[PDB]
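Shown next, in structure tokens, is the structure this report addresses.
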Amino acid sequence: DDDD
Amino acid sequence: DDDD
Amino acid sequence: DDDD
Amino acid sequence: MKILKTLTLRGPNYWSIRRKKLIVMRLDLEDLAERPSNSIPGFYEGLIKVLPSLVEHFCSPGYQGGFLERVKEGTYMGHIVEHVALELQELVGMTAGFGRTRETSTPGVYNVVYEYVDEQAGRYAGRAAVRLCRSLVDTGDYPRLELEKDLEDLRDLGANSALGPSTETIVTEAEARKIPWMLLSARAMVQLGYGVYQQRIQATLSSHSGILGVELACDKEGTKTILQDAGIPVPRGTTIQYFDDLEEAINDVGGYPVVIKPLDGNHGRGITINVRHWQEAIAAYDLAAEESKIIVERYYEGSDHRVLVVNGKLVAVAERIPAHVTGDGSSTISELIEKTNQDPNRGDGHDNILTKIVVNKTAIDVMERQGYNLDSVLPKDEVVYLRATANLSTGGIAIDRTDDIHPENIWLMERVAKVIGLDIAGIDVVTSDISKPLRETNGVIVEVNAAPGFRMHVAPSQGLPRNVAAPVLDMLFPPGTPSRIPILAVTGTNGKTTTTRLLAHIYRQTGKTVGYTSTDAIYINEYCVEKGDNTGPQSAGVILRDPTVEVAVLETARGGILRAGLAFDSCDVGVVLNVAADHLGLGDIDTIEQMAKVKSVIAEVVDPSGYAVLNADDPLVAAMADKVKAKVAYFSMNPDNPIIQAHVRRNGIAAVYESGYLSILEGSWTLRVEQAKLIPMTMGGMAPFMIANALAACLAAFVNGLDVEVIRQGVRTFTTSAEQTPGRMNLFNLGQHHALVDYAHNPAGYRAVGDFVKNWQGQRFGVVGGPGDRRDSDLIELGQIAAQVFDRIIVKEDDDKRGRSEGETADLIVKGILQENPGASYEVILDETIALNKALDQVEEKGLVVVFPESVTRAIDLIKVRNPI
Amino acid sequence: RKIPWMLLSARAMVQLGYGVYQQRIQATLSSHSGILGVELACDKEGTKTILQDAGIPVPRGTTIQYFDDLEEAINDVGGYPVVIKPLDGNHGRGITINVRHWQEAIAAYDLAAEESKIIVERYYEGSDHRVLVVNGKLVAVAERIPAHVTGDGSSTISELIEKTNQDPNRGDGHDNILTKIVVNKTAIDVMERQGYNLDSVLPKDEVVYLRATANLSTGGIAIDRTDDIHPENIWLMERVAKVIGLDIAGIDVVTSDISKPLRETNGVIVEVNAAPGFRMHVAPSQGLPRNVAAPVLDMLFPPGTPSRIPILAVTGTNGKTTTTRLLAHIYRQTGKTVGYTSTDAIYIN
Amino acid sequence: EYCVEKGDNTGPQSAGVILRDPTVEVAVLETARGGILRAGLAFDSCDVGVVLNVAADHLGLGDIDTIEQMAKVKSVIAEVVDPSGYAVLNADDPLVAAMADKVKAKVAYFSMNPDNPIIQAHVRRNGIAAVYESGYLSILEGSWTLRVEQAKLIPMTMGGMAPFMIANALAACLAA
Ligand SMILES: Nc1ncnc2c1ncn2[C@@H]1O[C@H](COP(=O)(O)OP(=O)(O)OP(=O)(O)O)[C@@H](O)[C@H]1O
Ligand SMILES: Nc1ncnc2c1ncn2[C@@H]1O[C@H](COP(=O)(O)OP(=O)(O)OP(=O)(O)O)[C@@H](O)[C@H]1O
Ligand SMILES: Nc1ncnc2c1ncn2[C@@H]1O[C@H](COP(=O)(O)OP(=O)(O)OP(=O)(O)O)[C@@H](O)[C@H]1O
Ligand SMILES: Nc1ncnc2c1ncn2[C@@H]1O[C@H](COP(=O)(O)OP(=O)(O)OP(=O)(O)O)[C@@H](O)[C@H]1O
Ligand SMILES: [Mg+2]
Ligand SMILES: [Mg+2]
Ligand SMILES: [Mg+2]
Ligand SMILES: [Mg+2]
Ligand SMILES: [Mg+2]
Ligand SMILES: [Mg+2]
Ligand SMILES: [Mg+2]
Ligand SMILES: [Zn+2]
């Protein structure tokens, strides 16, 4: 939830 | 949820 | 610093 | 074979300056020490068949046939487990090649040193190498399944510790630019830089990313409202709170080509892209309805483009296309998928450029909407999509279009990032032609993303890769600014703590925040952070991670270097004060030549633009000048030292003691700093060892740029009083009598104090202390020293601890003192607390008594019974 | 200070200043508040780890994943005077402050167990102090005390509550300085633990608490102690804010004496808060009110800098559009970004 | 763009006009063998030293008879570059590439052939090079490729049909  |  |  | 001890080194060390990541294993060859390979039947064939890959290893002969030849020859097992630990790591893709062996202790115990990539995998491979080798010197083989399971454990250990690819990208560029980095204990964060210049990152978020911008960007309705008020083109559309209102919503949008999304996110799921009929709208609703509560947006034609903006400036543009096959001859879809899924650039994930195309129910569903299924033959050049959206991880492609973007579109993208408030942002654009203005192609901006990934820009399937990280590091560390704070590292056998406190005191006179570590505590600007022995790499890390520190002064001990390496990699000033024979026999360092190699680590890590400060009066220290890549400065207590003279003639810098002054020689000019008699740490000029420490601190401050006037102010106001530096020259005035409390350990400190005593301008010289039972057989030497200095020598060595027997230590001192000079009233008293140090009036008026107690805490409590001034 | 302000269309944000000098705020968060600092401050275990590695005093304690392991956890802490919290937040709820017995520990567990998954911290003595730090610099300190009554003559607790709840400074909320004291089952529960109930007469000067924690909104008080804080304690508080990474931060400190170093009074830092409120500092019940906002505006708009961009307004019956385009063209020759509006369109450069 | 003096203005006497001029911020100086052999260099040290090629012109003059001697005259520029600066060498020229072992400064290379072994060995050690590839003039910096422009779109190059003009454009881009 951190490489969009 | 904004005046801690 | 050279090898094995 | 047993493993007795394991150390993990992380930084420049004894074995290597460059090989920072090493495991040192202390291996006990209980067996095998007496059996050099050829005495172990079968130990050649078993080794090569279990590990057939142990071929490329050169060992010492220098060529590809170097190792193995040495197994046929009488090589001992401690040299073999070392080539197995390296090979086991190589077999799972972790590259390591350095290693060494040395015999220590009693015969049969060896130090096995090898390189690691991952810390846990490294230690694992070591233990595994021992088991493999032990089975083969018992039996003739090693089960294949006991090799494969160990290789599986190494693969998992090296996977669990991996950084994600967006962090690897930033870290690699940071190393190229010489920016230091560390992992932090919380939330997978990484620190870049030292002290006051530190920055933090977490994947694609940084210390410059604001919370309001990030939260707004995650609110799809909020983002749309803000942008359309700014005149930015966005899709037309509305919202429904899961009522069956689609039949009406489609009317505000303007017709059936609509998009139905879940009303919240759950990854890229629940989205129907091009609805054309009512029945399709119903199906789309039921799927969208699965998530929490836009639903009917107008559908726009064009390709999906990703634009990356970093500091209000455009960095990269990529066009994304979903997994597909085409009419590459008159073949079926199932044949076409198998044909292209064999491409050498496809497989797994982040292993190669592309991944595999997978047929699943969702591929079938996407094809049904296009009028196709797996058995259909495509017309020449027909394209069939197997996925609704583009993504490299699902088998799609990415094309670099960075140089094809129109100047007006560049302006608009930068304005979007600023309106939302993001530093690093990804922008999703739908357009038929990125080379024309969006107003002419009727394109829209669909989404803004905080913390975007970089894979499509650093590893595109078509076009040129872009260095995305460079623009990130440029905003965090703007050109011309530092990423580091000054580091002054102090080492040597004796005098480190005193030198460290004086040097910190001098820098403090400039008004900066100075942090330092010593054997007493960790301090910042005169406040204590932690107490106790705080030397070593764990304390150095407290100061370097501290956001307020501008200057770091660190005393460095051999214990820390031998146990875990240095904490900082490089420094500006490296000071080596002396090499002497203390701590020998510990840590596998038996000789003075070896101790010199431990101390030289500091001199060898000084940055080429910095300085090494060496003692020209010390033969082992002066010799380090030929290893140093940095500039060299020297200090001495004798202005005529040939080294100093040769050096200043070549326009070097030196500090000397001359004519009662401490002065700096810079080329042909002499700069006087102050007189020894006027500097309080020096006992009226009568303590040569204190003068030498003052010279080293003054020279380090000078070569690093401080002015002379600042240095004078610092030496004039520095104190080492009782209750500040207990046990380090505490002189007490008690009636017509003086007494000194100190704490010598190795003999050099008994001599250093003895010289102070020789210079005492008073009457009798007495000694009321001595060594404990923790010393090596140097009691006679210590006795000989006392006999050369004092005329009142009373022996005390039968104390409260009595580490060995009773009074034998005192008897050995007596043998020494009466050997050298049987003329100092050589009484043995043993009671050091209520007799030796109590009957002090045996000493003539204004004489001096020196206390070398087991414990200074007691000595300074006892001396006080006489009411000191 | 003559800084222009506007409300924005999204997320209740307010804009301060014009053009390139604009700043945004949302309550107590601003355009200078970083996400990593704010998220770390909301992670109680993460915050504790980071601070103790920096040499900052924090409570001793452990964690349990809702197993009945309290009987063992109390041993690592060092004895029964312990604190049991829910393992996550749900406002100031589910917390037992001073456990002394096993049976109490069990009751505390069942209540803490209601939330998602520290449970046994050592209990420390002292008062609850709130410290406000704005830009790596201390602004205000206040001491907080929970709702209570005292032995103000030989009266019962129920009489004492009615006596003090008539005070003209009490009522409603943000309408006056103090609010009303309300007796409910939770007041009764707090009094039972002290050996009292509503019909008991208090001894002279005895103090009975009606609440477990301090809060002005529940009837407690706040005392300004800003000028009584020791220089070493000031240094430590500023260091805490910088270690976490917050611009505006509230720090919760437990100590018996704010005028002595925390190491001498054996005090601890209990919590760090992003986006703290200001009521206790701008409207204390005792002491002098502080202008908290002034230090905030000083970091957003540093002294000597502008908050506005030049505005050139053109009017008149005829000739406005022509004059507007020429004037914009002239300013543009200086290399600046010029925006303008006319009857034909809105343009930027 | 204003002319101060006209005529052959190479040599140390002209370099001195620019260096003594109170308005100049950057100095770019073409340096000839005539000036070096007759009176030495005017500046002692420099930031960038560019050596384009060595060829057999002017032999027999100034006591320089051989190509090996002419190479020693040209190498004077490479040897006066400050250690913090760069020497820019032609990797396609055997006498020029060889000067790299005399240089105390950093070395950058340029070539018209991306596969030149020198360039490959150099970028693998994280050096900098400029090459002509795929119709583009580009800079190789470590593992990354930076494209500057296409040869066909740069007017000094005759539509991409004049290789010697491309080579000069590469040297100027790399020095900048
Ligand atoms: N109105 C529209 N017209 C045409 N295409 C659209 C429209 N809206 C979205 N898309 C496309 O559909 C896809 C949906 O992306 P979306 O905005 O909903 O983010 P998401 O699906 O929730 O998360 P993710 O990006 O990981 O898939 C994008 O590839 C985009 O190109
Ligand atoms: N060159 C020297 N400089 C200062 N003190 C010395 C020197 N040589 C011997 N000594 C004596 O030994 C003692 C060493 O104390 P000091 O703390 O300064 O060294 P140290 O390196 O910090 O020891 P440690 O390893 O325990 O930290 C002094 O009090 C002094 O009596
Ligand atoms: N170890 C401790 N020793 C003594 N008192 C404590 C300890 N821990 C917390 N407290 C006190 O108990 C209260 C609990 O505050 P807490 O840290 O759990 O935040 P919270 O209750 O979850 O949210 P809120 O502040 O709104 O009540 C505080 O008033 C604090 O003074
Ligand atoms: N003083 C004046 N300056 C310029 N134009 C004038 C003036 N007086 C009369 N005119 C005439 O009237 C027209 C006014 O055009 P202009 O756009 O410049 O004024 P305007 O204020 O913008 O009108 P509007 O209210 O529609 O915006 C000109 O084209 C010109 O023919
Ligand atoms: Mg070897
Ligand atoms: Mg998207
Ligand atoms: Mg020591
Ligand atoms: Mg020390
Ligand atoms: Mg709190
Ligand atoms: Mg009008
Ligand atoms: Mg008009
Ligand atoms: Zn070997």
Side-chain angles (χ1 to χ4, degrees), chain D residues 490 494-509 514 516-529 531-534 553 555 662 673-698 701 711-745 749 752-753 755-757 759-762 768-769 837 840 846 848-853 855-869, chain E residues 232 261 263:
Chain D
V490 179
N494 297 300
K496 293 184 289 295
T497 299
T498 300
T499 301
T500 298
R501 288 180 60 253
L502 177 60
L503 183 58
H505 184 78
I506 293 167
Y507 273 90
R508 182 62 183 146
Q509 301 304 301
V514 181
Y516 67 97
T517 66
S518 74
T519 50
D520 301 302
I522 299 172
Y523 293 87
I524 301 172
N525 293 342
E526 304 178 348
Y527 293 102
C528 183
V529 177
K531 295 182 181 179
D533 181 342
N534 282 278
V553 181
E555 89 178 76
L662 280 73
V673 176
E674 183 56 278
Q675 293 183 1
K677 290 180 179 178
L678 300 177
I679 301 170
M681 75 184 280
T682 301
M683 302 296 284
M686 306 300 160
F689 62 97
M690 294 300 284
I691 294 168
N693 289 328
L695 290 171
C698 292
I711 293 167
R712 288 174 181 145
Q713 181 178 310
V715 300
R716 288 171 180 165
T717 63
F718 177 73
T719 64
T720 59
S721 73
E723 313 300 344
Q724 294 178 324
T725 58
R728 301 183 180 90
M729 297 298 286
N730 303 137
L731 181 66
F732 294 84
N733 183 359
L734 314 104
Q736 296 291 296
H737 189 277
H738 289 75
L740 181 70
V741 179
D742 208 293
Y743 201 77
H745 190 262
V753 173
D755 286 345
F756 170 72
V757 173
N759 290 329
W760 180 257
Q761 301 299 298
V768 290
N837 285 286
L840 296 176
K846 298 182 169 68
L848 175 67
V849 176
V850 178
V851 184
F852 300 98
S855 177
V856 300
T857 299
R858 187 183 298 174
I860 66 172
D861 193 61
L862 180 60
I863 196 163
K864 290 175 183 173
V865 302
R866 294 180 65 84
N867 194 28
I869 297 167
Chain E
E232 186 170 359
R263 71 179 184 272

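Lettering follows sequence order; numbering is per chain, from 1. Values below: every heavy atom of this structure, side chains too, minus hydrogens, waters and symmetry copies.
- Counting only heavy atoms from C-beta outward, the side chains of D/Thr500 and D/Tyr516 approach each other to under 4.5 Å.
- Between the side chains of D/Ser518 and D/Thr497, no donor-acceptor pair of N or O atoms lies under 3.5 Å.
- Closest approach of D/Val553 and D/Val514 over heavy atoms only: CG2-CG1, 4.4 Å.
- You'll find the side chain of D/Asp520 reaches within 4.5 Å of the side chain of D/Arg728, heavy atoms only.
- Rounded to the nearest 0.5 angstrom, D/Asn867 CG and D/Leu734 CG are separated by 8.0 Å.
- For D/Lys677, the salt bridge (charged side-chain N to carboxylate O under 4.0 Å, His left out) criterion is met by no residue, not counting sequence neighbours.
- For residues 711-737 of chain D, the pairs satisfying ring pair (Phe, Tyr, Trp, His ring centres under 6.0 Å) are D/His505-D/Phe718, with sequence neighbours left out.
- Summarising the local packing, CZ of D/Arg866 is surrounded by more than 12 heavy atoms from other residues, nucleotides or ligands at distances under 6.0 Å.
- The residues D/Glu526 and D/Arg508 are annotated as not salt-bridged, no charged nitrogen and carboxylate oxygen being separated by less than 4.0 angstrom.
- The two residues D/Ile691 and D/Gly685 come nearest to each other via the heavy atoms CD1-O, 4.1 Å.
- Residues satisfying the side-chain contact (heavy atoms from CB on, under 4.5 Å) test with D/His738, not counting sequence neighbours, are D/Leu731, D/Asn733, D/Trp760, D/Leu848.
- Nearest approach of D/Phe689 to D/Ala752, heavy atoms of both residues: CE2-O, 3.1 Å.
- Of all non-hydrogen atoms in D/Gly727 and D/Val856, the two that sit nearest each other are CA-CG1, 3.7 Å.
- For the atom pair CD1 (D/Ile711) and CG (D/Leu503), the distance works out to 9.5 Å, reported to the nearest 0.5 Å.
- Interatomic distance, D/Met683 CE to D/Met729 CE, rounded to the nearest 0.5 Å: 4.5 Å.
- For the pair D/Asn693 and D/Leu502, the minimum side-chain heavy-atom distance is 4.5 Å or more.
- The line from CD1 of D/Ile522 to CG of D/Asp533 is 10.0 Å long, rounded to the nearest 0.5 Å.
- Considering all non-hydrogen atoms of both residues, D/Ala676 and D/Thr682 come closest at O-CB, 3.9 Å.
- The side-chain heavy atoms of D/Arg501 and D/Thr720, taken from C-beta on, include a pair separated by under 4.5 Å.
- Under the side-chain contact (heavy atoms from CB on, under 4.5 Å) rule, D/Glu555 has a single partner from D/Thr519, D/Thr517, D/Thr498, which is D/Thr519.
- Atoms CZ and CG, on D/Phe756 and D/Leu740 in that order, are 5.5 Å from each other to the nearest 0.5 Å.
- Using a 4.5 Å heavy-atom threshold, the side chains of D/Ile860 and D/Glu723 count as touching.
- Judged purely by atom type and a 3.5 angstrom limit, D/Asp755 has no side-chain atom pairing as donor or acceptor with the backbone of D/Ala687.
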* Passes side chain to side chain contact (heavy atoms under 4.5 Å, CB included), D/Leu662 versus D/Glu674? Steps please. -> CA-CA 6 Å; D/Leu662 280 73; D/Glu674 183 56 278; 5.8 Å; no
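- Minimum heavy-atom separation, D/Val851 to D/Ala859: CG1-CB, 4.0 Å.
- Between the CG atom of D/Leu862 and the OG atom of D/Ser855 there is a distance of 11.5 Å, given to the nearest 0.5 Å.
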